[PDB]
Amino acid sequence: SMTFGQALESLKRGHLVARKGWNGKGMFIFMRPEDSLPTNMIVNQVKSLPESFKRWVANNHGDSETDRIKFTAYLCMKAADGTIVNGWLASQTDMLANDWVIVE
């Protein structure tokens, strides 16, 4: 019923959207919000970054409280098997389709 752009505008407001085909398998997508993080937190606290990246941040920014790093918003899918797929991609099919709806 909706185009992919309308779904995108619904995602940016924090809603869960889906294509009609996905309903049988119960899949939906949602947006994880952008955030800005201080470099000291990235180096010393964040669990979910590989050590090499944290070392790079220390090499360049050097554990400053003032220095901040932007982490972009992105799309995630609640896939059929229940797991959360971070970094969801729109296929050509998905982009050009008009069977998008809002789950919640």
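Here, rigid core means the biggest group of C-alpha atoms that superpose within 1.5 Å across both forms. Numbers follow the displayed sequence, beginning with 1.
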item	value
Which of 22-30 and 75-83 strays further in 5 other deposited structures of this protein - Cα RMS after rigid core alignment	22-30
RMS Cα shift after core superposition in 5 other deposited structures of this protein, winner of 13-21 and 88-96	13-21
Mean Cα B-factor comparison, 62-70 or 29-37, giving the higher one as deposited	62-70
Which of 20-28 and 80-88 has higher mean CA B factor, as the PDB entry lists it	20-28
